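Engineer: Got a structure for you, questions after.
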Protein chains: 2
Amino acid sequence: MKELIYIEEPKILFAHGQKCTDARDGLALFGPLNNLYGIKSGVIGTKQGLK
Amino acid sequence: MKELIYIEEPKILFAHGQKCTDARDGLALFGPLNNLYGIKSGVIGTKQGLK
């Protein structure tokens with residue numbers, strides 16, 4: 001009869017200084033940390049790739 | 001007596017297929033051809049230069 005010890009979850013910090021435990025939920029509750037403005041993309045491939 | 005000839009202004013093109021002889025006027029009235037979303041800039045310099 002050996003003994004087990006349990007360790008609590010660490011939590012990861014998001015915008016507004018708000019701590020959640022799951023990445024998805026607190027990206028959908030407070031969003032990312034830094035403030036970009038938009039992502040300009042380049043695409044290299046065939047016509048179907050662009051489609 | 002020597003004879004001169006006149007040549008008319010060429011005109012330039014802007015958004016919505018509108019023509020003008022000046023770039024400042026046509027940019028203030030109509031706007032540019034393509035659609036950017038925003039300029040993300042990198043600034044390398046001293047602190048006072050950044051300010």
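Following the order of the structure tokens, first chain is A, next is B, and so on, with residues numbered from 1 inside each chain and ligands from 1 in the order they appear.
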Chain B residues within 9 Å of chain A, counting only C-alpha atoms: which ones, as number ranges by chain?
Structural biologist: B: 36-40
Engineer: Next, write the just-selected residues to a file, as a CSV table (one decimal), in the first residue's frame, keeping N, CA, C and O atoms as the atom set.
Structural biologist:
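Printed below is part.csv as written:
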```
chain,number,residue,atom,x,y,z
B,36,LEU,N,-4.7,47.5,-48.7
B,36,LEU,CA,-3.9,47.0,-47.6
B,36,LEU,C,-4.8,47.0,-46.3
B,36,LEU,O,-5.8,47.6,-46.3
B,37,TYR,N,-4.3,46.4,-45.3
B,37,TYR,CA,-5.0,46.3,-44.0
B,37,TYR,C,-4.4,47.2,-42.9
B,37,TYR,O,-5.1,47.7,-42.1
B,38,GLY,N,-3.0,47.3,-42.9
B,38,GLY,CA,-2.4,48.1,-41.9
B,38,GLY,C,-0.9,47.9,-42.0
B,38,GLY,O,-0.4,46.8,-42.4
B,39,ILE,N,-0.1,48.9,-41.6
B,39,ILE,CA,1.4,48.8,-41.7
B,39,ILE,C,1.9,48.5,-40.3
B,39,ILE,O,1.7,49.3,-39.4
B,40,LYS,N,2.6,47.4,-40.2
B,40,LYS,CA,3.3,47.0,-39.0
B,40,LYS,C,4.8,47.4,-39.2
B,40,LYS,O,5.4,46.8,-40.1
```
Engineer: Could you give the C-alpha RMSD in Å for chain B superposed on chain A, pairing all atoms in order?
Structural biologist: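 That gives an RMSD of 0.3 Å.
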Engineer: Taking 6 positions as the minimum chain separation for residues in the same chain, which residues sit within 10 Å of segment 4-14 of chain B when counting only C-alpha atoms? Answer as a ChimeraX atom specification.
Structural biologist: /B:20-23,26-27,29-34
Engineer: List every residue of chain B that DSSP, applied to the backbone, labels as strand (DSSP E), and write the result as a ChimeraX atom specification.
Structural biologist: /B:12-13,19-20
Engineer: For the selection you just gave me, I'd like the residues written to a file as a PDB file, in the first residue's frame, keeping N, CA and C atoms.
Structural biologist:
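File produced: out-v3.pdb:
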```pdb
ATOM      1  N   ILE B  12      -3.757  60.692 -64.599  1.00  0.00           N
ATOM      2  CA  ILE B  12      -3.426  59.458 -63.899  1.00  0.00           C
ATOM      3  C   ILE B  12      -4.710  58.873 -63.312  1.00  0.00           C
ATOM      4  N   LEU B  13      -4.629  57.611 -62.893  1.00  0.00           N
ATOM      5  CA  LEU B  13      -5.797  56.817 -62.536  1.00  0.00           C
ATOM      6  C   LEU B  13      -5.786  56.432 -61.059  1.00  0.00           C
ATOM      7  N   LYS B  19     -10.230  59.353 -63.061  1.00  0.00           N
ATOM      8  CA  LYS B  19      -9.009  59.967 -63.559  1.00  0.00           C
ATOM      9  C   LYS B  19      -8.860  61.384 -63.025  1.00  0.00           C
ATOM     10  N   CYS B  20      -7.611  61.775 -62.788  1.00  0.00           N
ATOM     11  CA  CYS B  20      -7.286  63.107 -62.306  1.00  0.00           C
ATOM     12  C   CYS B  20      -5.895  63.463 -62.803  1.00  0.00           C
TER      13      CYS B  20
END
```
Engineer: Please identify which residues in chain B DSSP calls helix (DSSP H, G or I) from the backbone, and express them as a PyMOL selection string.
Structural biologist: chain B and resi 15-17+23-29+47-50
Engineer: For the selection you just gave me, I'd like the residues written to a file as an mmCIF file, in the first residue's frame, keeping N, CA, C and O atoms.
Structural biologist:
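The file below, part01.cif, is the result:
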```
data_model
loop_
_atom_site.group_PDB
_atom_site.id
_atom_site.type_symbol
_atom_site.label_atom_id
_atom_site.label_comp_id
_atom_site.auth_asym_id
_atom_site.auth_seq_id
_atom_site.Cartn_x
_atom_site.Cartn_y
_atom_site.Cartn_z
ATOM 1 N N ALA B 15 -8.713 54.847 -57.604
ATOM 2 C CA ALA B 15 -9.751 53.879 -57.279
ATOM 3 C C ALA B 15 -11.076 54.260 -57.929
ATOM 4 O O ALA B 15 -11.369 55.437 -58.155
ATOM 5 N N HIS B 16 -11.881 53.241 -58.229
ATOM 6 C CA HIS B 16 -13.192 53.419 -58.855
ATOM 7 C C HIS B 16 -13.069 53.921 -60.289
ATOM 8 O O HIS B 16 -13.997 54.533 -60.823
ATOM 9 N N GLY B 17 -11.930 53.665 -60.923
ATOM 10 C CA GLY B 17 -11.749 54.044 -62.317
ATOM 11 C C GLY B 17 -11.908 55.526 -62.574
ATOM 12 O O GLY B 17 -12.450 55.917 -63.614
ATOM 13 N N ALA B 23 -2.043 63.877 -58.052
ATOM 14 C CA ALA B 23 -2.032 62.708 -57.181
ATOM 15 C C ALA B 23 -2.605 63.033 -55.808
ATOM 16 O O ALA B 23 -3.307 62.210 -55.213
ATOM 17 N N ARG B 24 -2.320 64.229 -55.297
ATOM 18 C CA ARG B 24 -2.866 64.636 -54.010
ATOM 19 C C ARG B 24 -4.386 64.738 -54.070
ATOM 20 O O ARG B 24 -5.094 64.209 -53.205
ATOM 21 N N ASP B 25 -4.904 65.398 -55.108
ATOM 22 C CA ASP B 25 -6.350 65.545 -55.242
ATOM 23 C C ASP B 25 -7.031 64.197 -55.435
ATOM 24 O O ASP B 25 -8.072 63.929 -54.825
ATOM 25 N N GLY B 26 -6.467 63.338 -56.283
ATOM 26 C CA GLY B 26 -7.092 62.053 -56.541
ATOM 27 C C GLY B 26 -6.990 61.098 -55.372
ATOM 28 O O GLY B 26 -7.838 60.216 -55.217
ATOM 29 N N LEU B 27 -5.961 61.252 -54.539
ATOM 30 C CA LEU B 27 -5.862 60.430 -53.339
ATOM 31 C C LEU B 27 -6.824 60.914 -52.265
ATOM 32 O O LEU B 27 -7.395 60.105 -51.526
ATOM 33 N N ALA B 28 -7.019 62.231 -52.161
ATOM 34 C CA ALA B 28 -7.951 62.750 -51.168
ATOM 35 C C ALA B 28 -9.401 62.526 -51.582
ATOM 36 O O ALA B 28 -10.273 62.391 -50.719
ATOM 37 N N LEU B 29 -9.680 62.480 -52.884
ATOM 38 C CA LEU B 29 -11.045 62.303 -53.366
ATOM 39 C C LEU B 29 -11.450 60.833 -53.449
ATOM 40 O O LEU B 29 -12.547 60.468 -53.016
ATOM 41 N N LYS B 47 16.743 55.660 -28.096
ATOM 42 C CA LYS B 47 15.485 55.871 -27.387
ATOM 43 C C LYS B 47 14.805 57.164 -27.832
ATOM 44 O O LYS B 47 13.599 57.177 -28.111
ATOM 45 N N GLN B 48 15.564 58.261 -27.907
ATOM 46 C CA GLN B 48 14.979 59.525 -28.339
ATOM 47 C C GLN B 48 14.488 59.434 -29.777
ATOM 48 O O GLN B 48 13.469 60.036 -30.130
ATOM 49 N N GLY B 49 15.201 58.690 -30.624
ATOM 50 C CA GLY B 49 14.721 58.478 -31.977
ATOM 51 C C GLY B 49 13.391 57.754 -32.005
ATOM 52 O O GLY B 49 12.500 58.097 -32.787
ATOM 53 N N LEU B 50 13.237 56.741 -31.150
ATOM 54 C CA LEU B 50 11.961 56.044 -31.068
ATOM 55 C C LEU B 50 10.856 56.989 -30.623
ATOM 56 O O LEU B 50 9.753 56.973 -31.182
#
```
